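Following: one structure in structure tokens, then a few remarks.
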Amino acid sequence: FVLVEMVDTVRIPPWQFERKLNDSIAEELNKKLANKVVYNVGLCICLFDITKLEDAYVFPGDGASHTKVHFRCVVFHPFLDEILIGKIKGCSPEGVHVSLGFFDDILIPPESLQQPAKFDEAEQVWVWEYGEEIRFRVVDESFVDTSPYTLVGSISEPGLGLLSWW
Amino acid sequence: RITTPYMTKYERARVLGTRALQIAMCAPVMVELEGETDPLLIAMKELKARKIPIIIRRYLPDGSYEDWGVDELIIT
Amino acid sequence: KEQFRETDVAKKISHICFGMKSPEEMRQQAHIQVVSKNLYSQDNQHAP
Amino acid sequence: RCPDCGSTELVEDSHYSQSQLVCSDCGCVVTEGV
Amino acid sequence: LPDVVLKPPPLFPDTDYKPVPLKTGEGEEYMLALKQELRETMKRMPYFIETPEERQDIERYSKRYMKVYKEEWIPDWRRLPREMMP
Amino acid sequence: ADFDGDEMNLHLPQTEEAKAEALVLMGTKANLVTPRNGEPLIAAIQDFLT
Amino acid sequence: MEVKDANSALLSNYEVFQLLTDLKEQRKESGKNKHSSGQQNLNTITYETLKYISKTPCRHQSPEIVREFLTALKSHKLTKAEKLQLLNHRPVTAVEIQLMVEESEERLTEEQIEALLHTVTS
Amino acid sequence: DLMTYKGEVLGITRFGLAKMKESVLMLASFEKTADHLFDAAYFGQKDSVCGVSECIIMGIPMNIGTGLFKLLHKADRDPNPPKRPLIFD
Amino acid sequence: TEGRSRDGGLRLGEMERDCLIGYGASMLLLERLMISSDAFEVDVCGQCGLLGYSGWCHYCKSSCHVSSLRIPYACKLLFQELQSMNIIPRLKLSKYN
Amino acid sequence: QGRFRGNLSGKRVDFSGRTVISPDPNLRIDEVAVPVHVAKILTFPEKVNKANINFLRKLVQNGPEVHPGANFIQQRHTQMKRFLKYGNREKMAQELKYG
RNA sequence: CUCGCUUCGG
Ligand SMILES: Nc1ncnc2c1ncn2[C@@H]1O[C@H](COP(=O)(O)OP(=O)(O)OP(=O)(O)O)C[C@H]1O
Ligand SMILES: [Mg+2]
Ligand SMILES: [Zn+2]
């Protein structure tokens, strides 16, 4: 989790003019930046606050109100070493599929670093024994449009010990 | 505060046009229309009542600006 | 999950930069190379 | 077929110099302009 | 009259002449080895200025262990004009 | 115009802004005097002067 | 739509929890049919992230508690990431600090661990 | 004043108009379209859209007339709103 | 089209445009000469300055910088003719703000 | 007849008419008399708001034949035009949404 | 349809 500074041109239609400007600006910005992954930034969650809000122009076209807004928004972006606690929402032979709790089913830990009793035999067998911990390793993002996902991340499961659960 | 206190005819035309366009697009009305189905007549009534929520931003050629409220300006 | 891509921006043309195109740039811009001097096919449909 | 009501009553009716293929049941303008 | 062509000519038309085989000998191979050595050694030379990495995620106790250390040559400012001292 | 068969054109603006600009700037009541010397152009004519 | 800084300031899960609770109560106080029908993914992300944070021990936190914890840890010369992870995870067992928490070597001192556990439990 | 603002009496012909105005598109539209366009392409002259004729051609509102100023909406607002304090920093 | 026999519309000649300019009615001039006659929406690549299609620039082989832009259709025809004449008009777009 | 003078500086437009004129002294100097036939052809797009809904309903009910009326309806959500000569005009008038 | 040419109207 980290705060991100953004500047956006928000267009408010005239039928919301009776509303206070800041509230409707926040509502529209949240509607525009919810459950979406900003490239090289991470998955934005919601708006934290609106720091700078300058004058509201009205253009000779649409007739709505366009405002340039400086705001801070919270996003989920680990720092390549953060420790997380997710739940196993699936498992593939080449690697388990852990999902952060109802947050994002994008964490795919490779099984190439645990103690040498590692394999997934397609029966959802996690690990041959000697709340699931995670150490984020690398961030990666990709584009979508290429003709007339985007955050997965790699996960480390070292010899953490895990006295409570193997 | 240095420009003309009188509201120019071009300013009136553009303010009325923008206000009528907003009213035609379901913007709130501030003068309690009496059977006026024409947005432009409603905009003219708002201008006469000096209730138009629009601020003109007069731009000087160098780049400097100054803001005048519609109620602050003088109409003819 | 979903990538944030901006739908539409109120872009306004600022200025037009006139210039010229090199022969390489013409090939890059073009889609096909025209080599046939005739227009329509031989058949009676006369498709291009 | 009409894209709205699914009918096949597509009539070519020009209205004041505007060629127009329109559904004859619900009036949906399928195609216009030549 | 010239014939009409249905498909554009191939992107790389073939040639019946091929490049002459390269010169061989102890000297030429020494040149190749020396050039590869220059490539390998002049990237580590301090004259090869690397792009400054930026935007460190966090500070860590391991930074001191992973701190990149490299000797830096000191320019002779007597010959160089005054404007280029840091 | 002289009503001797002269044809006149008539345009209908399709925008509220354009309609308001036309009514304000180009209203007949707003252009009673020519800009050349300020003389009134819209005035009484034959069979009204008489 | 450009971002000025993607790493402006790291924040703990308590700030996110407080912000999500405030947003949830404001939204339930100002529920709009058209706005909600336009985008429901806001409700999904807020509700599910709030549930996930609630499953974590992030409850029972206050700004005074966070300030006291930060001041207590400021004498241990630990990095910002370490104290952030300790605050988010709330380690009750020593082994969480000993092994899972990075920079373990030469930092635990085998005596500062007890003080760290006392502070995190306080 | 327009004829004598550059220090020399310039006529309203194409030569004087070329010496007075700077926008490529208006010069091309008035007279000698091909020559003006080819010379502009050769010089790489970037032409802005300040003038009226280029505004008309580009389909944008012209700067003169009602387009000189900009309008602002007197919306109920509060610039520089209070910021939520940061606890961890 | 031109004539009544072909159901054509009336023509705003150069002097009509001059009179509209003299009035200063910018919005009505824009509506008459752009919105009501030959309004069109093209896709311009903000990187190369050339015209793309369907939100895609073939010249740059990319779609990140392609932006929609309103324009008279006659202006698009002029731009394409100039491109065919090797007089390449490159448009440097910007936000309306 | 080039692009600049024939299609860029001055170009043909729709929503326009051209008619012979005749005098009429009983009209104010700011008014012009338009034939009924031309008015049935030249249309104005009026946006449905809270003020003219009861007026546009009657205009839609009249249809494209009676002079006070409309020729097309463009829906707010879908941009599919509806020709008023076909379909139940009363239902369309009853289903006039804002915008 | 495109283009030209004429004859009109004003
Ligand atoms: N070539 C043209 N260019 C512009 N306007 C024209 C042209 N031919 C006719 N008109 C229109 O017709 C009008 C000319 O009429 P005018 O010359 O004043 O009277 P007239 O035709 O001499 O009639 P009398 O012979 O005096 O009875 C004015 C103008 O708007
Ligand atoms: Mg006459
Ligand atoms: Zn491009």
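By order in the structure tokens, chains are A, B, ...; within a chain, residues start at 1; ligands start at 1, following the order shown.
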
inquiry  = Can you tell me which residues surround range 41-56 of chain H at a distance of at most 6 Å, considering only C-alpha atoms (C1' of nucleotides), apart from same-chain residues fewer than 5 positions away, and format the answer as a PyMOL selection string?
reply    = (chain C and resi 15-19) or (chain H and resi 23+62) or (chain I and resi 87)

Only N, CA, C and O atoms, please: the residues just picked out, written as a PDB file, in the first residue's frame.
ATOM      1  N   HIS C  15      -0.614  23.110 -33.092  1.00  0.00           N
ATOM      2  CA  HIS C  15      -0.012  23.666 -34.293  1.00  0.00           C
ATOM      3  C   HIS C  15       0.335  22.532 -35.244  1.00  0.00           C
ATOM      4  O   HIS C  15       0.459  21.371 -34.840  1.00  0.00           O
ATOM      5  N   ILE C  16       0.482  22.886 -36.518  1.00  0.00           N
ATOM      6  CA  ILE C  16       0.764  21.933 -37.586  1.00  0.00           C
ATOM      7  C   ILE C  16       2.223  22.085 -37.978  1.00  0.00           C
ATOM      8  O   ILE C  16       2.661  23.176 -38.367  1.00  0.00           O
ATOM      9  N   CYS C  17       2.977  20.991 -37.877  1.00  0.00           N
ATOM     10  CA  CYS C  17       4.393  20.972 -38.240  1.00  0.00           C
ATOM     11  C   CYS C  17       4.518  20.413 -39.652  1.00  0.00           C
ATOM     12  O   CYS C  17       4.450  19.200 -39.858  1.00  0.00           O
ATOM     13  N   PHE C  18       4.701  21.304 -40.623  1.00  0.00           N
ATOM     14  CA  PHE C  18       4.922  20.875 -41.999  1.00  0.00           C
ATOM     15  C   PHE C  18       6.324  20.296 -42.155  1.00  0.00           C
ATOM     16  O   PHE C  18       7.250  20.613 -41.399  1.00  0.00           O
ATOM     17  N   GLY C  19       6.477  19.438 -43.159  1.00  0.00           N
ATOM     18  CA  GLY C  19       7.745  18.781 -43.391  1.00  0.00           C
ATOM     19  C   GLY C  19       7.755  17.907 -44.629  1.00  0.00           C
ATOM     20  O   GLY C  19       6.947  18.097 -45.539  1.00  0.00           O
TER      21      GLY C  19
ATOM     22  N   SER H  23       1.028  33.055 -40.755  1.00  0.00           N
ATOM     23  CA  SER H  23       0.393  31.744 -40.814  1.00  0.00           C
ATOM     24  C   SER H  23       0.449  31.182 -42.229  1.00  0.00           C
ATOM     25  O   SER H  23       0.050  31.845 -43.189  1.00  0.00           O
ATOM     26  N   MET H  62     -12.798  30.445 -33.075  1.00  0.00           N
ATOM     27  CA  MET H  62     -11.805  31.478 -33.341  1.00  0.00           C
ATOM     28  C   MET H  62     -11.604  32.361 -32.114  1.00  0.00           C
ATOM     29  O   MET H  62     -12.496  32.521 -31.278  1.00  0.00           O
TER      30      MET H  62
ATOM     31  N   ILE I  87       4.022  16.847 -48.936  1.00  0.00           N
ATOM     32  CA  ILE I  87       3.967  17.947 -47.976  1.00  0.00           C
ATOM     33  C   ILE I  87       3.267  17.375 -46.751  1.00  0.00           C
ATOM     34  O   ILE I  87       2.040  17.388 -46.650  1.00  0.00           O
TER      35      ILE I  87
END

task = Find the residues in chain D near chain J: any atom within 10 Å counts, using only C-alpha atoms. Write them as a list in words.
result =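 Written out as asked, the residues are residues 4, 16, 22, 23, 24, 25, 26, 27, 28, 29 and 30 of chain D.
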
Would you mind exporting N, CA, C and O atoms of the selected residues as a PDB file, in the first residue's frame?
ATOM      1  N   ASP D   4     -33.923  -4.540 -34.165  1.00  0.00           N
ATOM      2  CA  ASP D   4     -34.639  -4.268 -32.920  1.00  0.00           C
ATOM      3  C   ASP D   4     -35.707  -5.317 -32.626  1.00  0.00           C
ATOM      4  O   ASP D   4     -35.625  -6.026 -31.620  1.00  0.00           O
ATOM      5  N   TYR D  16     -38.108  12.213 -48.442  1.00  0.00           N
ATOM      6  CA  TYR D  16     -37.616  13.532 -48.829  1.00  0.00           C
ATOM      7  C   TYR D  16     -36.139  13.468 -49.225  1.00  0.00           C
ATOM      8  O   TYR D  16     -35.265  14.044 -48.576  1.00  0.00           O
ATOM      9  N   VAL D  22     -35.728   0.691 -43.864  1.00  0.00           N
ATOM     10  CA  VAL D  22     -36.306   0.819 -42.534  1.00  0.00           C
ATOM     11  C   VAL D  22     -37.260  -0.347 -42.294  1.00  0.00           C
ATOM     12  O   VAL D  22     -37.907  -0.837 -43.224  1.00  0.00           O
ATOM     13  N   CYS D  23     -37.320  -0.804 -41.046  1.00  0.00           N
ATOM     14  CA  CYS D  23     -38.297  -1.818 -40.675  1.00  0.00           C
ATOM     15  C   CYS D  23     -39.701  -1.243 -40.783  1.00  0.00           C
ATOM     16  O   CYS D  23     -39.954  -0.118 -40.346  1.00  0.00           O
ATOM     17  N   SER D  24     -40.614  -2.009 -41.374  1.00  0.00           N
ATOM     18  CA  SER D  24     -41.972  -1.521 -41.572  1.00  0.00           C
ATOM     19  C   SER D  24     -42.865  -1.750 -40.364  1.00  0.00           C
ATOM     20  O   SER D  24     -43.994  -1.243 -40.347  1.00  0.00           O
ATOM     21  N   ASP D  25     -42.402  -2.492 -39.355  1.00  0.00           N
ATOM     22  CA  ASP D  25     -43.211  -2.781 -38.177  1.00  0.00           C
ATOM     23  C   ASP D  25     -42.946  -1.789 -37.050  1.00  0.00           C
ATOM     24  O   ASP D  25     -43.860  -1.097 -36.597  1.00  0.00           O
ATOM     25  N   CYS D  26     -41.701  -1.707 -36.586  1.00  0.00           N
ATOM     26  CA  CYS D  26     -41.337  -0.810 -35.497  1.00  0.00           C
ATOM     27  C   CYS D  26     -40.670   0.471 -35.976  1.00  0.00           C
ATOM     28  O   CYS D  26     -40.324   1.320 -35.156  1.00  0.00           O
ATOM     29  N   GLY D  27     -40.463   0.619 -37.285  1.00  0.00           N
ATOM     30  CA  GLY D  27     -39.899   1.840 -37.816  1.00  0.00           C
ATOM     31  C   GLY D  27     -38.418   2.026 -37.590  1.00  0.00           C
ATOM     32  O   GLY D  27     -37.918   3.137 -37.793  1.00  0.00           O
ATOM     33  N   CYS D  28     -37.702   0.986 -37.170  1.00  0.00           N
ATOM     34  CA  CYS D  28     -36.275   1.106 -36.909  1.00  0.00           C
ATOM     35  C   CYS D  28     -35.527   1.312 -38.222  1.00  0.00           C
ATOM     36  O   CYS D  28     -35.623   0.484 -39.131  1.00  0.00           O
ATOM     37  N   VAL D  29     -34.783   2.407 -38.312  1.00  0.00           N
ATOM     38  CA  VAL D  29     -34.017   2.705 -39.520  1.00  0.00           C
ATOM     39  C   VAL D  29     -32.810   1.779 -39.555  1.00  0.00           C
ATOM     40  O   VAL D  29     -31.843   1.970 -38.813  1.00  0.00           O
ATOM     41  N   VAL D  30     -32.861   0.762 -40.414  1.00  0.00           N
ATOM     42  CA  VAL D  30     -31.747  -0.175 -40.522  1.00  0.00           C
ATOM     43  C   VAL D  30     -30.549   0.503 -41.167  1.00  0.00           C
ATOM     44  O   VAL D  30     -29.457   0.564 -40.591  1.00  0.00           O
TER      45      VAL D  30
END

request  = May I ask which of the residues I:26, I:37, I:63, I:5 is the closest one to ligand 3, counting only C-alpha atoms and all ligand atoms?
outcome  = I:63

inquiry  = Using only C-alpha atoms and a cut-off of 10 Å, which residues of chain B sit close to chain A? Please list them as a ChimeraX atom specification.
reply    = /B:14,17-28,53-57

For the selection just defined, write its residues with N, CA, C and O atoms to a file, as a CSV table (one decimal), in the first residue's frame.
chain,number,residue,atom,x,y,z
B,14,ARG,N,-22.2,34.9,-25.2
B,14,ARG,CA,-21.6,33.6,-24.8
B,14,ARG,C,-22.2,33.1,-23.5
B,14,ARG,O,-22.4,31.9,-23.3
B,17,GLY,N,-25.6,31.7,-24.3
B,17,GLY,CA,-25.5,30.5,-25.0
B,17,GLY,C,-25.1,29.3,-24.0
B,17,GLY,O,-25.7,28.3,-24.1
B,18,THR,N,-24.1,29.6,-23.2
B,18,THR,CA,-23.6,28.5,-22.3
B,18,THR,C,-24.7,28.2,-21.2
B,18,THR,O,-25.0,27.0,-20.9
B,19,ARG,N,-25.4,29.2,-20.7
B,19,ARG,CA,-26.5,29.0,-19.8
B,19,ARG,C,-27.6,28.2,-20.4
B,19,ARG,O,-28.2,27.3,-19.8
B,20,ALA,N,-28.0,28.6,-21.6
B,20,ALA,CA,-29.1,27.9,-22.3
B,20,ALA,C,-28.7,26.5,-22.6
B,20,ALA,O,-29.5,25.5,-22.5
B,21,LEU,N,-27.5,26.2,-23.0
B,21,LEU,CA,-27.0,24.9,-23.2
B,21,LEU,C,-27.0,24.0,-21.9
B,21,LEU,O,-27.4,22.9,-22.0
B,22,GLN,N,-26.6,24.6,-20.8
B,22,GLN,CA,-26.7,23.9,-19.5
B,22,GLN,C,-28.1,23.6,-19.1
B,22,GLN,O,-28.4,22.5,-18.7
B,23,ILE,N,-29.0,24.6,-19.3
B,23,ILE,CA,-30.4,24.4,-18.9
B,23,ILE,C,-31.1,23.3,-19.8
B,23,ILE,O,-31.8,22.5,-19.2
B,24,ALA,N,-30.8,23.3,-21.1
B,24,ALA,CA,-31.3,22.3,-21.9
B,24,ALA,C,-30.8,20.9,-21.6
B,24,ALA,O,-31.5,19.9,-21.9
B,25,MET,N,-29.7,20.8,-20.9
B,25,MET,CA,-29.1,19.6,-20.5
B,25,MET,C,-29.4,19.3,-19.0
B,25,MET,O,-28.5,18.7,-18.3
B,26,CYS,N,-30.6,19.7,-18.5
B,26,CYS,CA,-31.1,19.4,-17.2
B,26,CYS,C,-30.2,20.0,-16.1
B,26,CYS,O,-30.0,19.3,-15.0
B,27,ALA,N,-29.8,21.2,-16.2
B,27,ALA,CA,-29.2,21.9,-15.1
B,27,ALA,C,-30.3,22.6,-14.3
B,27,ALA,O,-31.3,22.9,-14.8
B,28,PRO,N,-30.0,22.8,-13.0
B,28,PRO,CA,-31.0,23.4,-12.1
B,28,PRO,C,-31.2,24.9,-12.5
B,28,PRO,O,-30.3,25.6,-13.0
B,53,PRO,N,-25.0,31.5,-12.5
B,53,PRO,CA,-23.8,31.0,-11.8
B,53,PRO,C,-22.6,30.8,-12.8
B,53,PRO,O,-22.1,29.7,-12.9
B,54,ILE,N,-22.2,31.9,-13.4
B,54,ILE,CA,-21.1,31.9,-14.3
B,54,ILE,C,-20.1,33.1,-14.1
B,54,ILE,O,-20.6,34.2,-13.8
B,55,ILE,N,-18.8,32.8,-14.1
B,55,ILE,CA,-17.8,33.8,-13.9
B,55,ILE,C,-17.0,34.0,-15.1
B,55,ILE,O,-16.4,33.0,-15.6
B,56,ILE,N,-17.0,35.2,-15.7
B,56,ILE,CA,-16.2,35.4,-16.9
B,56,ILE,C,-14.7,35.6,-16.5
B,56,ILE,O,-14.4,36.3,-15.5
B,57,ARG,N,-13.8,35.1,-17.3
B,57,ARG,CA,-12.4,35.2,-17.0
B,57,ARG,C,-11.7,36.0,-18.2
B,57,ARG,O,-11.3,35.4,-19.2

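All of the residues in chain I within 7 Å of chain F are residues 23, 25, 27, 28 and 31 of chain I, where only C-alpha atoms were counted.
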
Next, the residues of the selection above should be written as an mmCIF file, in the first residue's frame with C-alpha atoms.
data_model
loop_
_atom_site.group_PDB
_atom_site.id
_atom_site.type_symbol
_atom_site.label_atom_id
_atom_site.label_comp_id
_atom_site.auth_asym_id
_atom_site.auth_seq_id
_atom_site.Cartn_x
_atom_site.Cartn_y
_atom_site.Cartn_z
ATOM 1 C CA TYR I 23 -20.271 39.988 -36.126
ATOM 2 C CA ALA I 25 -20.143 35.097 -33.582
ATOM 3 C CA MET I 27 -19.777 29.657 -31.943
ATOM 4 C CA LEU I 28 -22.313 30.039 -34.752
ATOM 5 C CA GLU I 31 -21.518 25.258 -35.825
#

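If you look at CA of residue 7 in chain G and CA of residue 57 in chain E, they are 7.5 Å away from each other.
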
request  = Would you return as number ranges by chain the members of chain G that DSSP assigns to strand (DSSP E or B) on this structure's backbone?
outcome  = G: 3-10

message = Applying 10 Å and only C-alpha atoms (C1' of nucleotides), which residues near residue 56 in chain E remain after dropping the ones on its own chain fewer than 3 positions away? List them as a PyMOL selection string.
response = (chain A and resi 79) or (chain E and resi 53+59) or (chain G and resi 7)

Restricting it to N, CA, C and O atoms, dump the selection as a compact mmCIF listing (two decimals), in the first residue's frame.
# COMPACT_ATOMS: atom_id res chain seq x y z
N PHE A 79 6.88 -3.57 -2.19
CA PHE A 79 8.22 -3.03 -2.43
C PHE A 79 9.25 -4.12 -2.68
O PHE A 79 10.39 -4.02 -2.23
N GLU E 53 20.91 4.78 -11.77
CA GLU E 53 19.68 4.16 -11.28
C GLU E 53 19.05 5.03 -10.21
O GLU E 53 19.73 5.70 -9.42
N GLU E 59 14.89 1.75 1.94
CA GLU E 59 16.23 1.61 2.49
C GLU E 59 16.28 0.38 3.38
O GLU E 59 15.30 0.07 4.07
N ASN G 7 5.54 6.36 -5.50
CA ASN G 7 6.05 6.00 -4.18
C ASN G 7 6.12 7.24 -3.29
O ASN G 7 7.13 7.52 -2.65

Of the listed residues I:20, I:74, I:30, I:50, that which approaches chain C most closely, counting only C-alpha atoms =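 The closest residue to chain C is I:50.
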